[PDB]
């Protein structure tokens, strides 16, 4: 579209990932690989606001970005993920996240949004791009048979609506999570998905700040694959470009000329999964195409790195209360530490297998 949120802005680089990366690179013994690993701290990633405890980090990043822009003659852009729904990840094995529907979850979530808005309101010279709630609305397309998802449906919709409505008031550019080609890109899921996303967009007032959708977040699909990965058999939309090319016109017809961002942070290596739904710490993943607005598609504003490669997707320890058996599958790297915590061996392979090379 005319207004690509990234054009003319410098992306604030996460100091946490830079340090996570910095601490990781000092442990890599081969000096050539260690220096490549260190350079990952210069690659922009999204900051996950996965709990209220992360909100003060958001405030510091906004203030730091504001000062850095003045120091360098640039306009700065901070990239965040809104990821704290009550009864989060309703179709996953085991619960996670600080809020529950049964304990004031929606109200607690709206206070979480209010705290985020109150930070963003203080720093109007910094642009913010937010991915809205990975692993949420897509469950309301295909997983309404999962009782936790059926019981969460009204809460997910109300909470996402509150986030969109209130972040728009402070000018945040938003992309709702929309799964990936192997989730919502199946031709038969496209229209139900479009109908859901359009209803959500309508309920939040069709704000121009609701730019569109984010795909492949925390996943591994190609943006454009020369040959279909065998996991995709049966789905003509075998990569993210096919999915997006199919979904976008349905949104346009509703009056929403939606644009997209696509995670490629762990997409450098294709054909590494037994089944398409295997999502946890997939072994042999490599860093993929670096973030860029040179996307090759009318519909795609940016290739992005949303999930920060090197942070675990979940523990492989079946004794943890947070254990999801997906993280013990044959194509999952093991042993793996708790979600969001650093998985050093996985990071080193992401570096070694990066494609394009680092």
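Numbering follows the first chain given and starts at 1.
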Higher-scoring stretch by recorded Cα B factor average, 90-98 or 67-75
90-98
Comparing 110-118 with 222-230, which stretch shows the greater average C-alpha B-factor in the deposited entry?
222-230
Per the entry, which of 302, 289, 318, 47 tops the list for Cα B factor?
318
Looking at 29, 60, 293, 51, which has the biggest Cα B factor in the entry?
29
Comparing residue 314 with the other modelled residues of its chain, is its CA B-factor in the lowest, middle or highest third?
highest
On the chain's distribution of Cα B-factors, residue 4 falls within the third called lowest
Where does the C-alpha B-factor of residue 185 rank in its chain, lowest, middle or highest third?
lowest
Quick tally, chain-level thirds of C-alpha B-factors: residue 56 sits in the lowest
Taking the entry's C-alpha B-factors for this chain, is residue 243 in the lowest, middle or highest third?
lowest
